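Letter by letter, the chains look like this.
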Amino acid sequence: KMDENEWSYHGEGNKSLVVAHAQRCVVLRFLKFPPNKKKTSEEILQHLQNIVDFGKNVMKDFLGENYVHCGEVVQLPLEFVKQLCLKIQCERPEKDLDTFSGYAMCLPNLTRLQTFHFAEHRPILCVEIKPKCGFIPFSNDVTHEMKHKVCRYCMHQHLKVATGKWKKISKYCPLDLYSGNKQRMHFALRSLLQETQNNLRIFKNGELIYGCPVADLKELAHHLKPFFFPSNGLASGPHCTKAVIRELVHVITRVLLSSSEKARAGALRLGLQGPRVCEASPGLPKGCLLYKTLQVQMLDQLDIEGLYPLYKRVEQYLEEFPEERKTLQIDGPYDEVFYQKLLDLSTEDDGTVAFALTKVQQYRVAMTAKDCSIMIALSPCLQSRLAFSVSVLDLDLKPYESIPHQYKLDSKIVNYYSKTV
Ligand SMILES: O=P(O)(O)O[C@@H]1[C@@H](OP(=O)(O)O)[C@H](OP(=O)(O)O)[C@H](O)[C@H](OP(=O)(O)O)[C@H]1OP(=O)(O)O
Ligand SMILES: Nc1ncnc2c1ncn2[C@@H]1O[C@H](COP(=O)(O)OP(=O)(O)OP(=O)(O)O)[C@@H](O)[C@H]1O
Ligand SMILES: [Mg+2]
Ligand SMILES: [Mg+2]
Ligand SMILES: [Zn+2]
Ligand SMILES: [Zn+2]
């Protein structure tokens with residue numbers, strides 16, 4: 001028996017909606033789809049099963065077993081889904097919700113959990129960061145001038161601000177964060193606090209308390225003092241907002257730079273081609289999650305510019321041989337062989353379709369890693385004496401048909417930014 005009153009609205013990115021249970025530390029993830037065309041009921045089941053099979057097989061090998069969690073696909077009563085949707089409709093921010101299938105993913109609620117223990121903890125603080133792409137493209141295939149010296153995030157800011165999506169430009173550059181420089185990382189996190197956008201959220205015990213009275217720097221610092229300056233009897237005591245936010249920013253930097261005891265044979269060893277600094281504003285440990293995420297982003301070896309020629313070869317082949325879309329395993333299954341196909345890092349274009357297809361798939365995987373989120377969970381545990389857990393969220397492979405749009409959008413981002421100067 002599923003009561004609709006127990007589940008609350010948790011969040012919503014443009015492709016899926018999440019709801020969280022108040023009692024158990026789990027969440028349910030429902031898909032969004034366009035009116036043209038809404039997917040069939042048995043196709044939804046396979047889509048969700050591919051998201052699990054991608055995270056299970058591909059991303060656990062690239063990032064680590066401890067850092068990825070992708071719970072099972074589950075079936076629910078339609079009457080529960082209809083009623084839960086209507087309640088939650090109210091709380092949406094404003095692509096139609098999956099109301100007719102009754103299929104969803106049951107994931108653990110990482111806002112209330114530690115990974116290494118894996119029970120609920122309280123009091124528990126959680127910082128969810130969306131870091132974006134951590135390098136500037138370096139291939140000779142790129143035409144435009146600005147792309148070699150400014151990262152896509154900073155270039156995308158200006159368009160988003162002018163569009164009206166955001167009010168002001170952020171001072172956050174991903175390359176400050178991904179560079180192992182503590183000083184740059186600290187600055188990157190402070191700017192990201194000052195202008196959150198969709199790139200930062202903070203929770204206390206499951207409840208959102210920061211990045212969408214908005215509100216608010218002082219009010220945040222109230223919730224953080226018990227974690228960072230714990231009064232063990234004595235309240236000594238008077239800590240200003242500046243000092244509280246500082247201890248947050250240090251701890252998050254210290255956490256992202258931490259790695260497990262393991263420093264295993266790197267799945268990816270791709271070197272960092274500069275610029276390591278960005279013209280928008282002023283190494284990283286091999287074991288840590290932030291580095292491993294950067295490496296899977298670097299499967300975009302040739303830029304989008306770039307890869308669109310390689311995409312065109314695979315499309316003219318499937319124009320003429322449409323039956324081979326399935327036989328080539330373009331839409332999975334994302335199994336142990338599929339992970340092996342991604343490890344060919346060679347960049348010569350003599351082999352023509354076998355090579356292009358391999359690179360198209362590597363690019364789909366990179367686009368996933370650029371758009372992924374990182375969750376950090378601070379809390380006391382028996383196994384300040386704060387214990388941490390790192391995790392990655394939002395790991396669903398970007399669809400094959402979005403590659404045209406990715407070219408089209410990047411062309412618009414740089415041309416507006418170059419016109420602006
Ligand atoms: O359009 P882009 O390249 O800026 O990236 C999209 C994001 O834009 P933003 O973070 O606002 O700059 C976009 O963010 P918002 O929906 O605007 O929060 C999504 O993360 C989207 O991912 P998905 O394809 O829905 O999984 C992202 O789409 P993909 O490009 O990853 O397909
Ligand atoms: N396992 C989880 N634990 C805690 N919070 C979660 C979990 N899964 C999802 N969320 C929250 O739900 C939000 C929205 O879900 P999600 O990002 O997965 O959907 P999306 O449409 O694919 O997003 P995006 O547009 O960023 O690609 C996330 O930003 C995250 O804060
Ligand atoms: Mg998505
Ligand atoms: Mg997300
Ligand atoms: Zn930048
Ligand atoms: Zn514990």
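- In terms of determination method and resolution, the entry is listed under X-ray crystallography at 3.20 Å.

## Observations concerning the overall build of the protein
Now for step 1: Across its full length, the protein holds 13 helices and 11 strands.
Now for step 2: In terms of overall dimensions, the protein is globule-like: its C-alpha atoms have a radius of gyration of 22 Å, near the 22 Å expected for 421 residues.
Now for step 3: When its C-alpha atoms are laid out on the principal axes, the protein stretches across 75 × 55 × 45 Å.

## A closer look at the coordination of the zinc ion (ligand 6)
By definition of the ideal shapes, a tetrahedral metal site with four donors has angles of 109.5 degrees and an octahedral site with six donors has angles of 90 or 180 degrees.
Now for step 1: Protein coordination of the zinc ion (ligand 6) is provided by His 117 (ND1), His 121 (NE2) and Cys 381 (SG), with donor distances spanning 2.0 to 2.6 Å.
Now for step 2: A relative accessible area of 33% means that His 117 is categorised as partly exposed.

## Quick notes on helix α8 (residues 289-297)
Now for step 1: In terms of residue burial, α8 counts as a mostly covered element, since 9 of its 9 residues are buried.
Now for step 2: Of the residues making up α8, those classed as buried are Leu 289, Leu 290, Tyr 291, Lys 292, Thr 293, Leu 294, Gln 295, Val 296 and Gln 297.

## So, the environment of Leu 307
Now for step 1: By the secondary structure assignment, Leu 307 is in the loop between α8 and α9 (308-320).
Now for step 2: C-alpha of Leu 307 to C-alpha of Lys 359: the two residues are 52 residues apart in sequence and 7.7 Å apart in space.
Now for step 3: Apart from the residues within four sequence positions on either side, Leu 307 is in contact with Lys 359, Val 360, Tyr 363 and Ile 403.

## Some remarks on the pattern of salt bridges
Now for step 1: Inspection of every chain in the model, using the stated rule, returns 20 salt bridges.
Now for step 2: The salt bridge partner of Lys 130 is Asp 371, with a shortest N-O separation of 3.4 Å.
Now for step 3: Residue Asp 371 is classed as partly exposed on the basis of its relative accessible area of 24%.
Now for step 4: Notably, a salt bridge pairs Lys 149 with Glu 279, separated by 3.9 Å at the nearest N-O pair.
Now for step 5: The exposure class assigned to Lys 149 is partly exposed, which follows from its relative accessible area of 32%.
Now for step 6: Given a relative accessible area of 57%, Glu 279 falls into the exposed group.
Now for step 7: Taken together, the salt bridges that share partners define one network made up of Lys 147, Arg 152, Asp 303, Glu 305 and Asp 410.

## A word on the site of ligand 2
Now for step 1: Among the 20 residues in the neighbourhood of ligand 2, the closest are listed as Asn 14, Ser 16, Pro 108, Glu 128 and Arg 201.
Now for step 2: Taking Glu 128, its side chain carries an N or O atom lying 2.5 Å from an oxygen atom of ligand 2.
Now for step 3: Take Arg 201: an N or O atom from its side chain is 2.2 Å from an oxygen atom of ligand 2.
Now for step 4: Those elements that provide at least two residues to the shell around ligand 2 are β1 (7-13), β2 (16-21) and β6 (103-108).

## Digging into the site of ligand 1
Now for step 1: Taken together, 13 residues lie around ligand 1, and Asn 14, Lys 130, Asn 198, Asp 371 and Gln 406 are the ones closest in.
Now for step 2: One of the side-chain nitrogen or oxygen atoms of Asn 198 is found 2.7 Å away from an oxygen atom of ligand 1.
Now for step 3: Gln 406 places a side-chain nitrogen or oxygen 2.7 Å from an oxygen atom of ligand 1.
Now for step 4: Considering ligand 1 on its own, with 600 Å² of exposed area, one finds that the protein chains cover 78% of that surface.
Now for step 5: For the shell around ligand 1, the leading source of residues is helix α3 (residues 152-163), giving 3 residues.

## Thoughts on empty space enclosed by the protein
Now for step 1: What the largest cavity holds in volume is close to 110 Å³.
Now for step 2: Around the largest cavity sit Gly 134, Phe 135, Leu 175, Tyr 178, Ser 179, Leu 272, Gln 273, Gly 274, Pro 275, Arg 276, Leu 294 and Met 298, which together line it.
Now for step 3: Looking at the lining of the largest cavity residue by residue, the class counts come to 7 nonpolar, 4 polar and 1 charged.
Now for step 4: Elements that contribute at least two residues to the lining of the second largest cavity include exactly β7 (125-129), α5 (182-194), β8 (200-204) and α7 (241-257).
Now for step 5: Split into classes, the residues belonging to the lining of the second largest cavity amount to 10 nonpolar, no polar and no charged.

## Quick notes on the layout of surface pockets
Now for step 1: Here the second largest pocket defines a volume of roughly 590 Å³.
Now for step 2: Lining the second largest pocket are 24 residues, with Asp 61, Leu 63, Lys 262, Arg 264 and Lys 292 positioned closest to its centre.
Now for step 3: Of all the elements in the fold, those that place two or more residues in the lining of the second largest pocket are α1 (41-63) and α8.
Now for step 4: In terms of residue count, the dominant contributor to the lining of the second largest pocket is α1 (5 residues).
Now for step 5: A class-by-class count of the residues in the lining of the second largest pocket yields 8 nonpolar, 6 polar and 10 charged.

Rules used throughout
Sequence order as written determines residue numbers, which begin from 1 on each chain and need not coincide with the entry numbering; residues that lack coordinates are not included. Chains and ligands are labelled by the order in which they are written, letters from A for the one and numbers from 1 for the other. As a rule here, side-chain values come from all non-hydrogen atoms in the structure, and water together with hydrogens is ignored. Residues with missing side-chain atoms are left out of burial classes, side-chain pairs and their counts. Numbering of helices and strands runs from the N terminus, with a helix taken as a DSSP run of H or I at least four residues long and a strand as a DSSP run of E at least two residues long. The atom set for the radius of gyration is the C-alpha atoms, and the globule formula is 2.2 Å times the number of residues raised to the power 0.38. The donor set comprises N, O and S atoms within 2.8 Å of the metal, extended to 3.2 Å for Na, K and Ca; water molecules are omitted, so apparent gaps in a site may simply reflect that omission. Partly exposed residues are those whose accessible area sits between 20% and 50% of the maximum for their type, while under 20% is buried and over 50% is exposed, using a 1.4 Å probe and protein chains only. For this analysis, residues touch if any pair of their heavy atoms sits within 4.5 Å. By definition, a salt bridge exists where a carboxyl oxygen of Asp or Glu is found within 4 Å of a side-chain nitrogen of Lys or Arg. For this description, a residue counts as near a given molecule or strand if any of its non-hydrogen atoms is within 4 Å of it. As used in this structure description, the phrase polar contact means that two N or O atoms lie within 3.5 Å; if the pair is within protein, one of them must be able to donate a hydrogen and the other to accept it, and residues adjacent in sequence are counted only when both atoms belong to side chains. Accessible surface area values rest on a Shrake-Rupley calculation with a 1.4 Å probe, where residue burial reflects the displayed protein chains alone. Each cavity reported here is a set of points on a 1 Å grid over the protein atoms alone in which a 1.4 Å probe fits but cannot get out, each pocket an open set with protein on both sides within 12 Å along at least five of seven lines, and each lining residue one with an atom within 4 Å of a point. Grid points are joined across faces, edges and corners, and a volume is the space filled by probe spheres set on the points. The residue classification treats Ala, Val, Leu, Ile, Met, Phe, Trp, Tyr, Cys and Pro as nonpolar and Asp, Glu, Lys and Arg as charged. All others, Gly included, are polar.

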